[PDB]
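Next up: just one chain, as structure tokens, the form deposited in one PDB entry.
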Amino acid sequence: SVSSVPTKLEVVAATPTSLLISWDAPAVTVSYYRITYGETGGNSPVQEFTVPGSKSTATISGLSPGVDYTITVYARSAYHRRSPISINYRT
């Protein structure tokens, strides 16, 4: 039904300056995740970091309160080249 990996993605804890995102467990072993976030519609280069493939949460710190953000999680697996999932958040 949903083509990407991860297939679900939400913010599960939300201060005004830091977010705990969470995604579903993958059917197929992920090596690591690429995690990117920027202001929705921005010219600054997006920030990105990696979390081990065993993880299903990520903390994005140092955010600007009441600022609109677009988060993207890529699953990097040696078994596929699947596409990312994405969400938008304020505060």
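So that the term is clear: the rigid core is the largest set of C-alpha atoms that superpose within 1.5 Å between two forms. Note that residue numbering begins at 1 and tracks the sequence as displayed.
- The deposited model assigns a higher average Cα B-factor to 39-47 than to the other stretch when 55-63 and 39-47 are compared.
- A summary of the deposited B-factors shows that, of 14-22 and 74-82, the stretch with the larger mean C-alpha value is 14-22.
- Per the PDB record, residue ranking by Cα B-factor puts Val2 in the highest third of the chain.
This next part talks about the form deposited in another entry, which is not shown.
- When the two forms are overlaid on the rigid core, CA displacement between this form and the one not shown of 2 Å or more is confined, within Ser61, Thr40, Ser31, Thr50, to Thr40.
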